[PDB]
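The structure appears right after this line, and notes come after that.
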Amino acid sequence: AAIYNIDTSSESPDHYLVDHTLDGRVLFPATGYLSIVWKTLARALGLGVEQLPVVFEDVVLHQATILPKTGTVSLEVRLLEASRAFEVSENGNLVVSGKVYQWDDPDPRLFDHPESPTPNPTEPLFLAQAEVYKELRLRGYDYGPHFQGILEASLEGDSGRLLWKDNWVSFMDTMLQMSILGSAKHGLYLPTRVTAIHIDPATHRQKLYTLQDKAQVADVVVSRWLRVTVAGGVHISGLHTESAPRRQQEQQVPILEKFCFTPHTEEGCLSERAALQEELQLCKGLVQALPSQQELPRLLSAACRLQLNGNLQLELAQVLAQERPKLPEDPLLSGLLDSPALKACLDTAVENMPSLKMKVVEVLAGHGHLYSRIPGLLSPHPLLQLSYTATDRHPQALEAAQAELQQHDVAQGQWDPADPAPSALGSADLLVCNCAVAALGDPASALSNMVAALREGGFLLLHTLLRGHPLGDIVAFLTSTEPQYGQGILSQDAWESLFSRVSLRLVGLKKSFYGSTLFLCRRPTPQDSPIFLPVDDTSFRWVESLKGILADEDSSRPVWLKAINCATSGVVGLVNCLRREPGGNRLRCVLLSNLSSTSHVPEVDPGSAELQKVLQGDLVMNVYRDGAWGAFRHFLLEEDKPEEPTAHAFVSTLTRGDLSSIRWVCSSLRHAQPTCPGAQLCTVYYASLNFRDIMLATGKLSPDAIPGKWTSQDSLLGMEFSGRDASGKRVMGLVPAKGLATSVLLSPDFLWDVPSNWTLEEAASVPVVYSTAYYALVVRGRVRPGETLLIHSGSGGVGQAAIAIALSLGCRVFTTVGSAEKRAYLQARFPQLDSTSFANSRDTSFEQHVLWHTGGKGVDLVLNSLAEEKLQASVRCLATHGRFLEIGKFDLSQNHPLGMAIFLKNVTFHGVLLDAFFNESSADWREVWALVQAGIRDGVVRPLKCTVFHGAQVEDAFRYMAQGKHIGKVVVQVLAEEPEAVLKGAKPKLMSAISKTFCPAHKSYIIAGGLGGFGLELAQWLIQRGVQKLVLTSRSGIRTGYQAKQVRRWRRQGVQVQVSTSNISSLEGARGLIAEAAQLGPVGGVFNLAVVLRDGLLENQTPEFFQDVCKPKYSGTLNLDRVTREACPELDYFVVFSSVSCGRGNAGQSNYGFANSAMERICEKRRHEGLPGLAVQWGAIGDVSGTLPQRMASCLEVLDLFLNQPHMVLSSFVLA
Amino acid sequence: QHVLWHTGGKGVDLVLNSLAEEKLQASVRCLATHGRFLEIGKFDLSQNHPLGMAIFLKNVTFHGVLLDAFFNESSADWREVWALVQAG
Amino acid sequence: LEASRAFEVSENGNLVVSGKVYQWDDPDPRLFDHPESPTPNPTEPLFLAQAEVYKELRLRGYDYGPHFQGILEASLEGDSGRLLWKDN
Ligand SMILES: NC(=O)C1=CN([C@@H]2O[C@H](COP(=O)(O)OP(=O)(O)OC[C@H]3O[C@@H](n4cnc5c(N)ncnc54)[C@H](OP(=O)(O)O)[C@@H]3O)[C@@H](O)[C@H]2O)C=CC1
Ligand SMILES: NC(=O)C1=CN([C@@H]2O[C@H](COP(=O)(O)OP(=O)(O)OC[C@H]3O[C@@H](n4cnc5c(N)ncnc54)[C@H](OP(=O)(O)O)[C@@H]3O)[C@@H](O)[C@H]2O)C=CC1
């Protein structure tokens, strides 16, 4: 009863277990159980572990134990010496069981490395430790340093070389890692059963040898033909790994956003919306001549109902349901605040300030309520630190809602705009008022106090209702009792005049269609002589001038970077990085980037008043585009997943195991390139739901369990279907997977013809059930007429098919059903059955029924699908020469035992699996096909009872099937059946489904710098879309074991992968690269991932560094952009990978940000002409600035959305 | 190892096993998909030794063969084997 | 081994008995109801008394002594009878 406590604390000797993290959670190594069992045995025999050669057998792990972050878990070990059995328990729960015993006579010959199947190519390349553990991480294993024991491994992973740190657990776990490395099955697989393990410490010591370094190693060899792993004095055979659930919780949540131009001044922003239009229509109507839930219409209804005209001021001002401060809740009053315009203004303020910290104070927060809306908008900024505070007219105001202020870091204040601000607030960084609902004490006094309270160069943001607009007049008529609120409404020209009187400058103005406006003004700053340094010059020789200018740390003159000769200049990304470096405060950018030649190009000469206006503004960003001055701003991306109308969709669960996530997604059949002899596309009208589909949808069955090569991402729901052939013929088919969709592609050998009398609905239930019944009985069981049969679950589809087949032969059938109604249904459907033919299937009582009613002889043929105890009971029902047809999976998957004594009865035991036909042995499938055809034409085959669900209600169908009350089969009417027999117009009706990315097999795709880190992942992701034509570019070619491994794997699958080594920086190189792709086929898309980086503060930077950094990205994007428009009418994607460094800025990477921004400009230009174009801004890629690295799975998942998303530039990152 | 190697790791379709104990278990691991295991031995059957049922996940038929079953109960099943032997 | 509800009886390190034993969570008397006799034969004029039954057993080779002589009677076919009880 040995007891082991596993403590992972730093002091505990088992601290190394912390490094065995799989799927993000620490797990006790499968070999740890072997280690503790070995130690327990050695203690039992009184020997030492090093002196005890041991043998394990039939090791089976019944669950996984999770080592907690804190605390300890006790593992108990019990040994049965007589039976040589052992049992490990956790809180009295079985964990590991098997057999362990001493090895009497160790045989050194056992550990000699077996014959190598390969011809010993002696290839030079091999995976180093870093590459091995990078691949393992990509697969999902996160071993730490203590479990990083593989020094190297061959490309195919058959042989390697492991470290020996005098730890058995690590060594054996490393052996398991080597075994898993060679497998092609993507996913997280863990050991479940091991046939036998032999450990011999003496030969282990003999085998170990020391490299030139003192580290000890031990060669490892993995033989998949023999299913054995040998390394030093250890020998593992018959390992069996099973797919882990792989579901990780609290996954990363990237902040998806778009990056679009935004004019400084804009009016009529909300004109797009309609609810606001209807609200305004209602409001104006109720005022004519002097009925909804919205507060303002309610107030107008109060003003009218109480009295049609001449309403008392008291009643209109004071009345229930209106005196409540619900005015901001009215959609019209909050139209601008909900719009992105507020975010644009806030970002404009945040950009123009030296300190990374913000000090913003709200006034009259009792009514403005901006405190509940401003801080949330600023969460996306990674490093921004905010010091917000809400101030009201009197402390009694905003007395409630304190918890809202508590959740945020908002402080309290008691400043009245009438008087000057208290010293505590001081020179605030930003002032937010919300004059729309809050009542100003007075315009002049409020502005005079606020401007004083605002630091020099600070920003003042105001929201109100401009006088003279219909809404302004409407509000003026009401609230006549609140003269302060009346003072808060003035004409836009009145505001203009008021700003000048207070020596304040307007920089931004967002106006709604109904008069609501969002002013943005900043306190002027002492004018100083600026510097105008042009940057449009190529060769970056201007960098020296800029570096010199910033050298004068004493000098404080503002520095203006001027770019007025290249719409593709990346100065916007340049300044962002510089502002995070010393002397970056003085930086200020002016850019002219008209996307249309016809657009006017203004002059920015110092004399030109146009330049003077922006100089007065003094904004960091001054981007001019088509007669407008604005800048690029980040906005959150719409959450809805884009959908499109299509005729090729399939049903899939977006989130594994969640029936609520079932939805229609676009199918890869949209291209249907492989339409040829040996396959054909068939329209789908009805699709059936089998038990396996429910198991997949519920998540209880892994996709890998389905035989066949399946993409890591793909939908495998549905096996049957009935619908019209490509020629209009009515047919019913059978597919390994993807049956539940609007179309299916299958070989003609799996199609039957629906008889005239049948209907497409009926035929949808025949194929799988009758095919499996015919196979299991006739082909395998070889039933003969007159024999006795036991058919468990007669009410099921397979049960009904088997019953129908058996009766036709004239056989006595015993069947088991779960409830009385099913028994009655069967009795009605099969009159031959009598009362002595039904037994209960939820209980083992059927065993006595069969034995009694057969005189104790038993049955000849058993078609079992039940559980372990039911199965064992069923075996006892077999007669001499019996035959056990088994179609279940639980016992077989679990490898439960079976007493071989039953075979003394001369019985036969069959493992029936229809899935084998799809993979191979299609020659023998035609036998079952002919059987089913004969049964159809001879009347033996009858369609089952079908419950129909429409396509939209597929989730309801899954729910109903899961409940388990159905009798017969459940089908999904994808498309109704036309009365006509043969219809030429077999085109599926257009449907709206989620949009995915798929690539034709007859197009070529280029990935500049594809051999890099992220490049290989992108290439593999594309291959999962069936690219079948790929060109990867790299200056140095293939020079790493990982790259060669991946490339050879792709070539093996049949993809034509080409490595060009043709630079895109030179125009001729780009043209040659494009021409090379055309040889394989027309160019589908080009991806630019080339990058060469040289960091350093601008002082260290030199023109050579800028040229190097911009050579692959800026110049290459220009070239590839020129060569694609000229030579690629077919191409549909022009993707480019920018970085968060630009847009968000990053210290010491000015050249990198410049290159990325200039690159984004090209993509913006291309879209304007309708050509494909997309620049993606990534924060940090994990597996290969205040933001965490982003896992590759999440990166590719996001990339899939962006391809679908319309915006020209998009970004994604993970907050700290 | 000999069979799993010279067969390319696939195995053998038919196994006519008469060995016992561990050697029986070793034989089962030589089976290939759609294989058939003919068990003409009798020891492990008499001892009711366990058989892991996971082997059946590969379509596999496990036959318990007893020639003497023909003698005790007369049946036409024997005339088939008689004809086979005569033809041979 | 309560975890796997398996017991084992050993003698000087030699395995003797092995199996699974566990508490019966939900006993139900219906299990102990007597199944019907396949052959009715309600008459049963004659039956084997204790002396006769054990006389036959010893002829076959079983020499149980008085403490193990519990069968008070049994039908000729030997499918039913009455057994003694002595808190053993
Ligand atoms: N090896 C092969 O060739 C193939 C194997 N099969 C096997 O056929 C077997 C039977 O399939 P089929 O009869 O069509 O399946 P169904 O789900 O239609 O079976 C319904 C019957 O089984 C029970 N049952 C099965 N699934 C459920 C459920 N989700 N909820 C409630 N009751 C359920 C029902 O109640 P009750 O509990 O009373 O029985 C009913 O009697 C499966 O185990 C499958 O693995 C099928 C085709 C290929
Ligand atoms: N943290 C991150 O990783 C982030 C990623 N990104 C973007 O992700 C994209 C993916 O690449 P990434 O993994 O970052 O970079 P890597 O350097 O890892 O991979 C890109 C590869 O491009 C190749 N390359 C460089 N110059 C050229 C050239 N002139 N012609 C052809 N190939 C060239 C290099 O291989 P070789 O040396 O053989 O030429 C290099 O390995 C990049 O465009 C980057 O901007 C941006 C933001 C975040």
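FYI, residue positions are counted from 1 along the chain as it appears here.
Note that Cβ sites are derived from N, Cα and C of the backbone, with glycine treated the same way.
Per Swiss-Prot, NADP(+) 1 binding site is recorded for A:789-806. Within its own chain, A:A804 (NADP(+) 1 binding site) has A:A773, A:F830, A:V940, A:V941, A:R942 as residues 6 or more apart in sequence whose C-beta sits under 8 angstroms from its own.
Neighbour list (A:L1016 (NADP(+) 2 binding site), Cβ cut-off 8 Å, at least 6 residues apart, same chain): A:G1010, A:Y1042, A:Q1043, A:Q1046. For A:1004-1019, the entry in Swiss-Prot reads NADP(+) 2 binding site, with the evidence type similarity to another entry.
Marked as phosphoserine by Swiss-Prot on the basis of a large-scale study or a structure entry: A:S292 (among others). In the three-state DSSP assignment, the secondary structure recorded for A:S292 (phosphoserine) is coil. Sequence-distant neighbours of A:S292 (phosphoserine) (same chain, 6+ residues apart, CB-CB distance under 8 A): A:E279, A:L282, A:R298.
Per Swiss-Prot, the feature phosphoserine maps to A:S529 (among others); the stated evidence is a large-scale study or a structure entry. Take the CB of A:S529 (phosphoserine) and look out to 10 A: across all protein chains shown you find 6 other CB atoms.
Residues annotated as S-nitrosocysteine in Swiss-Prot, with experimental evidence given as evidence: A:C589 (among others). Secondary structure from DSSP puts A:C589 (S-nitrosocysteine) in a beta strand. Under 8 Å, Cβ to Cβ, and six or more positions away along its own chain, A:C589 (S-nitrosocysteine) finds A:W560, A:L561, A:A563, A:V571, A:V572, A:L574, A:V575, A:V620, A:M621, A:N622, A:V623.
Counting only same-chain residues at least 6 apart in sequence, those with a Cβ under 8 Å from the Cβ of A:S702 (phosphoserine) are A:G187, A:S243, A:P245. Positions annotated as phosphoserine by Swiss-Prot, on the basis of a large-scale study or a structure entry: A:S702 (among others).
Residues or ranges marked as phosphoserine in Swiss-Prot: A:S712 (among others). DSSP assigns A:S712 (phosphoserine) to coil, not to a helix or a strand. Cβ-based neighbour count (10 Å, all protein chains) for A:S712 (phosphoserine) stands at 13.
The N6-(pyridoxal phosphate)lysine annotation in Swiss-Prot covers A:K822 and rests on similarity to another entry. Using a 10 Å radius centred on the Cβ of A:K822 (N6-(pyridoxal phosphate)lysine) and all shown protein chains, the other Cβ atoms total 21.
DSSP assigns A:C1195 (S-nitrosocysteine) to a helical segment in the three-state reduction. What Swiss-Prot lists as S-nitrosocysteine is A:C1195 (among others).
Look at the region 'C-terminal hotdog fold' (A:123-250): DSSP puts its residues at 35 helix, 47 strand, 46 coil. Summarising the annotation, Swiss-Prot assigns region 'C-terminal hotdog fold' to A:123-250 and lists sequence analysis as the type of evidence.
Marked as region 'Enoyl reductase' by Swiss-Prot: A:753-981.
Taking CA atoms as the reference points, A:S795 (NADP(+) 1 binding site) and A:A1008 (NADP(+) 2 binding site) are 59 Å apart. Ligand 1 lies under 6 Å from the Cβ of the following recorded positions, listed in sequence order from A:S529, A:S702, A:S795, A:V798, A:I1006: A:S795, A:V798.
Cβ neighbours of A:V798 (NADP(+) 1 binding site) (same chain, under 8 Å, six or more residues apart in sequence): A:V769, A:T772, A:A773, A:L863, A:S865, A:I887. Not one of the recorded positions listed as A:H792, A:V798, A:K822 brings a Cβ under 6 Å of any atom of ligand 2. In this structure, A:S795 is the one among the binding-site residues A:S795, A:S1004 with the smallest number of other Cβ atoms inside 10 Å of its Cβ. Checking each of the recorded positions A:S712, A:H792, A:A801, A:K822 against A:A1008 (NADP(+) 2 binding site) by C-alpha distance, the shortest gap belongs to A:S712.
Neighbour counts were taken at the CB atom with a 10 A radius for the binding-site residues A:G1010, A:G1012; the maximum falls on A:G1010. A 10 Å cutoff on Cβ-Cβ distances gives A:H792 (NADP(+) 1 binding site) a total of 25 other Cβ atoms nearby, all chains included. For the recorded positions A:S529, A:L789, A:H792, A:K822, A:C1195, a Cα-Cα cutoff of 10 angstroms around A:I1006 (NADP(+) 2 binding site) retains nothing. In three-state terms derived from DSSP, A:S1004 (NADP(+) 2 binding site) belongs to an extended strand segment. Here the recorded positions are A:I1006, A:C1195, and the one with the most other Cβ atoms within 10 Å of its Cβ is A:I1006. There are 29 other Cβ atoms within 10 Å of the Cβ belonging to A:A801 (NADP(+) 1 binding site).
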